[PDB]
Ligand SMILES: CC(=O)SCCNC(=O)CCNC(=O)[C@H](O)C(C)(C)COP(=O)(O)OP(=O)(O)OC[C@H]1O[C@@H](n2cnc3c(N)ncnc32)[C@H](O)[C@@H]1OP(=O)(O)O
Ligand SMILES: CC(=O)SCCNC(=O)CCNC(=O)[C@H](O)C(C)(C)COP(=O)(O)OP(=O)(O)OC[C@H]1O[C@@H](n2cnc3c(N)ncnc32)[C@H](O)[C@@H]1OP(=O)(O)O
Ligand SMILES: Nc1ncnc2c1ncn2[C@@H]1O[C@H](COP(=O)(O)OP(=O)(O)O)[C@@H](O)[C@H]1O
Ligand SMILES: [Mg+2]
């Protein structure tokens, strides 16, 4: 019944869904803001339409009514939201399903249950999956202080709608707890409107484990193993690996089983990610992401399962094991290990601020074990400050984790992006580290390793020679 | 029944699909064997019964042979190059980039593309996708012929033989391509 | 007979309108077909662009079909070489 | 203390020759270091290229190391824009 799909996103995820749609034989519709007119994803689709005319480009990509209007006038049967803009938005999915278009996502009750952190924690408690010992709902500042008294420091302040570590603060004493509560309140009203701050127990050096969940309309729910995303800077993911090579297979199986049984209790559909906090052979639920994730690529590499294709086919109502063709849970293969690196415009010698400018050189590596999901990184592309800093996702996969590390080091040295600064030297430093190589990296690994921020001087002799030749 | 013909005492062009379905880096193992290392002790390959079969893979070699010109190797200036990516796609590009002047001296190969998947049908679908997503302008390529061969039911069933191309004239029917960016730029330049 | 001859001359099977216009204006229709094969549907360009081309640093948008719009920008006009050719530095669709 | 101050001023630990040249010619050595950071080792260029730059359609080869030779061709010099900047269309190493 589906013949045409719109992607309400941009960048590399739009191209990823376009490639999946072309493999599934469907037509593709792109949307783009005026400031995103030179994006690759605009020209990778059968039809492209300008959206959000006159708005800011981020607000243009959040123009819900314009997106449904474009999808209706283009004859698109469905809308894939991708991630990061309206994938977790309850209002957008509600309007999409009210317009008669198929929403490639979970159900509305899944969206508004897993959107807010305290309701997701309540659902996990109903599924008896253990979580961080925290407040039973959004407490006040005084209640947060009371929790800091009875359960004792360390505690962590977290907002119930925070994203990307925005509404999340840390506290060590009483006054810093007040400051963190005030800052989380300001960030919650500023970006999300309502402040619903809770307080959770802080764990010393945890391991961030994410489990990928696929569920269909018939109720078959499987897990595509797990991902280790512990390597983070300021609670933002830097390098993600799959599977958790630093953990025992039985413990990973327990984490995966808890995730799939949580999703079975909530009756989850489509692709989803369950985030878990691992500390010395016990796990705690944090959130469920009701969308495809950025790091789904390494899960596809280690399992062989096309996550976006299965997402679209589940949105078609197809059976997980009969029509899509996925095997049983015990038959899901583990094809080696994979590592994902996000090459961004963040300058590690400038406090990881996003550099802007014109890319004058782009060379991408290839070969065995290398997967590229490029965004907008071609030569001549003018990097704008409007959108996110991502240039190209690169994934290296191999039978052994050591060979994956070696391939990713080769890739990061083979990559050449000139004109804008990149986080490539930081990624090289992290890859060379023995904690990451052993796979026992924690969430505090980057913040407690100052040697990651020592960068060798690069000659860059081609750029300087061309500059002098132009000068003379 | 099977018959020997010859042994190629070297790495092959199509070693890529073998290392995709096995996971075993053939060129790396070549160098490590030339270092005198042991296959299972130092290189680390498992025993023969433990060599994996990770799905199926397809290699297509995109060349400058023009199928509407008797597969003669076209030469000229490459003015457009867009390469696909994503899940299941492997690229081993030769000299194929924007601005590269294809000379008649060397081999006609532009880029080797390999698609791999758990199922052969998914590999075929991915290869059709990447053959349509590939954009090389300025020189003719064998891409329309590869699209025709990938579309054929004899190929997709796996039952193709060495006479399949020579006995299927429908492989040489090529749809007209609009190429409207090139023509528009040509008219704009002329005016 | 005319339709088969025209299907030989042009690279496809013509419609009735193409056959009848080939009857009245044979060389004009064939020259139009040659210009279609060389420059494409120039009817989609706007008239100042159609008659005058492009200036330096000009941005034009050509809607070639529904949902497809070519973003064309002329960045530089090269000096003519010894063979009389000029290299024109376009930015088509960002590239 | 001079060596430590130079290690502050230039982005690396200097040699004895660099320290002693910084003592004799303080501003001249710092200007040389700034030009090294901006233009690189221009001593590797040939003298007509060093003094006059590059002609249109000229091909030069710059050996920056043993086994590393930069192939540089100036294809086109762009007209200056309103900010006074020119775009120079180089072909470095085939690209
Ligand atoms: C992400 C994937 O899975 S890609 C799989 C293949 N599908 C696509 O590429 C969708 C985009 N469509 C196209 O590129 C082409 O129209 C094709 C491949 C379908 C037909 O090929 P052609 O006839 O030779 O080119 P066509 O005349 O139709 O289009 C002319 C130009 O408009 C470009 N174009 C294509 N889609 C759009 C768009 N939505 N908006 C603006 N320009 C577009 C084309 O890239 C082409 O430019 P090019 O010279 O760099 O290739
Ligand atoms: C195939 C693989 O496995 S890639 C692994 C390493 N990557 C490589 O590219 C190996 C070649 N070496 C290089 O490119 C560089 O010397 C590096 C990466 C080691 C150091 O990078 P930089 O310090 O920033 O640039 P460097 O000053 O050394 O070289 C200047 C230019 O000479 C180029 N160059 C590099 N090797 C050669 C060569 N053998 N011949 C001619 N030019 C060369 C570089 O590409 C560079 O041009 P660029 O601006 O486009 O990148
Ligand atoms: N209570 C806690 N104690 C210690 N570390 C935590 C705690 N809660 C979260 N973290 C770390 O901080 C990160 C929070 O990111 P997350 O909340 O998942 O971002 P988002 O809100 O965008 O989903 C996690 O990766 C986790 O490792
Ligand atoms: Mg989270």
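Going through segment A:327-354 one residue at a time, which ones are touching a helix residue (DSSP H, G or I) at 6+ places or on another chain (Cβ under 7 Å) and farther than 16 Å from residue A:211 by Cα? Before the answer, list the steps.
Of segment A:327-354, the ones touching a helix residue (DSSP H, G or I) at 6+ places or on another chain (Cβ under 7 Å) are A:332-341, A:343, A:348.
Of everything in segment A:327-354, those that are touching a helix residue (DSSP H, G or I) at 6+ places or on another chain (Cβ under 7 Å) and farther than 16 Å from residue A:211 by Cα turn out to be A:335, A:336, A:341, A:343, A:348.
Can you spot a residue in segment A:327-339 that is touching a residue at least 40 places away in the same chain (Cβ under 8 Å), within 30 Å of residue A:34 (Cα to Cα) and either within 14 Å of chain B (Cβ to nearest Cβ) or surrounded by 20 or more Cβ atoms within 10 Å (Cβ to Cβ) (or both)?
no
Residue-by-condition table, conditions (1) without any contact (Cβ under 8 Å) to a residue 24 or more places away in the chain; (2) over 30 Å from residue B:99 (Cβ atoms); (3) at the interface with another protein chain (Cβ under 9 Å from one of its Cβ atoms); (4) over 16 Å from the mean Cα position of the chain (by Cα):
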residue	(1), (2), (3), (4)
C:7	yes, yes, no, yes
C:21	yes, yes, no, yes
C:31	yes, yes, no, no
C:88	yes, no, yes, yes
C:93	yes, no, yes, yes
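Among the residues of segment A:197-222, how many are in a loop (DSSP other than H, G, I, E, B) and surrounded by fewer than 22 Cβ atoms within 10 Å (Cβ to Cβ)?
So the answer is 9.
Name the single residue that is nearest to ligand 2 (Cβ to nearest atom) among those in segment A:10-32 being over 17 Å from residue A:386 (Cβ atoms) and surrounded by fewer than 24 Cβ atoms within 10 Å (Cβ to Cβ).
A:22
Would you mind finding the one in A:145, A:161 that is surrounded by 14 or more Cβ atoms within 10 Å (Cβ to Cβ), more than 16 Å from ligand 1 (Cβ to nearest atom) and part of a loop (DSSP other than H, G, I, E, B)?
Details: A:145 fails: part of a loop (DSSP other than H, G, I, E, B).
It is A:161.
Would you point out which residue out of B:32, B:53 is without any contact (Cβ under 8 Å) to a residue 40 or more places away in the chain, farther than 29 Å from residue B:142 by Cβ and assigned to a helix (DSSP H, G or I)?
On the way: B:53 fails: assigned to a helix (DSSP H, G or I).
Step by step, each of B:32, B:53 is checked, and only B:32 is without any contact (Cβ under 8 Å) to a residue 40 or more places away in the chain, farther than 29 Å from residue B:142 by Cβ and assigned to a helix (DSSP H, G or I).
Specify which of the listed residues (B:20, B:72) is touching a strand residue (DSSP E or B) at 6+ places or on another chain (Cβ under 7 Å) and within 13 Å of chain A (Cβ to nearest Cβ).
On the way: B:72 fails: within 13 Å of chain A (Cβ to nearest Cβ).
It is B:20.
Checking the structure you have, find out if any residue of segment A:418-440 is part of a strand (DSSP E or B) and without any contact (Cβ under 8 Å) to a residue 60 or more places away in the chain.
Here is the first cut: in segment A:418-440, the residues part of a strand (DSSP E or B) are A:418.
Cutting the leftovers down to without any contact (Cβ under 8 Å) to a residue 60 or more places away in the chain gives us A:418.
Yes, the conditions are met somewhere in segment A:418-440.
Here's a check for you: in segment B:84-98, which residue that is within 14 Å of ligand 2 (Cβ to nearest atom) and more than 7 Å from chain A (Cβ to nearest Cβ) is nearest to residue D:90 (Cα to Cα)? Break it down stepwise before answering.
Our first condition is that a residue be within 14 Å of ligand 2 (Cβ to nearest atom); within segment B:84-98, this holds for B:91-94, B:97.
Subsequent filtering for residues that are more than 7 Å from chain A (Cβ to nearest Cβ) retains B:94, B:97.
On the way: B:94: 22, B:97: 15 Å.
Here the residue is B:97.
Mind telling me which of the residues A:45, A:76 ends up being within 11 Å of ligand 1 (Cβ to nearest atom), in a loop (DSSP other than H, G, I, E, B), touching a residue at least 12 places away in the same chain (Cβ under 8 Å) and under 25 Å from residue B:130 (Cβ atoms)? Quick ask: steps written out before the conclusion?
On the way: A:76 fails: within 11 Å of ligand 1 (Cβ to nearest atom).
On inspection, the qualifying residue turns out to be A:45.
Residue B:112 - would you say it is within 16 Å of ligand 2 (Cβ to nearest atom) and touching a helix residue (DSSP H, G or I) at 6+ places or on another chain (Cβ under 7 Å)? Lay out the reasoning, then the answer.
Working: within 16 Å of ligand 2 (Cβ to nearest atom): yes; touching a helix residue (DSSP H, G or I) at 6+ places or on another chain (Cβ under 7 Å): yes.
Against the criterion (within 16 Å of ligand 2 (Cβ to nearest atom) and touching a helix residue (DSSP H, G or I) at 6+ places or on another chain (Cβ under 7 Å)), residue B:112 qualifies.
Look through A:172, A:166 and report the one residue that is more than 20 Å from residue A:119 (Cβ to Cβ) and under 30 Å from the mean Cα position of the chain (by Cα).
Details: A:166 fails: more than 20 Å from residue A:119 (Cβ to Cβ).
None of the other options fit; the residue is A:172.
Yes or no: segment B:112-127 includes at least one residue that is surrounded by fewer than 16 Cβ atoms within 10 Å (Cβ to Cβ), closer than 21 Å to residue A:22 by Cα and without any contact (Cβ under 8 Å) to a residue 60 or more places away in the chain.
Scanning segment B:112-127, I find at least one residue that is surrounded by fewer than 16 Cβ atoms within 10 Å (Cβ to Cβ), closer than 21 Å to residue A:22 by Cα and without any contact (Cβ under 8 Å) to a residue 60 or more places away in the chain, so the answer is yes.
Name the strands (runs of 3 or more DSSP E) wholly inside segment A:223-295 in which the number of residues that are more than 13 Å from ligand 3 (Cβ to nearest atom) and more than 20 Å from residue A:126 (Cβ to Cβ) is 1 or more. Please lay out each step first, then the result.
Values: elements: A:236-242, A:270-278, A:283-289.
Fully inside segment A:223-295 and qualifying: A:236-242, A:270-278.
Of all residues in segment C:44-58, how many are under 18 Å from the mean Cα position of the chain (by Cα) and within 11 Å of another protein chain (Cβ to nearest Cβ)?
Summing the residues that are under 18 Å from the mean Cα position of the chain (by Cα) and within 11 Å of another protein chain (Cβ to nearest Cβ) in segment C:44-58 gives 9.
Rule-based calculations on the coordinates, nothing more; no lab input. Heads up, the Cβs are rebuilt from the backbone with ideal geometry, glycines too, and the neighbour counts pull from every protein chain shown.
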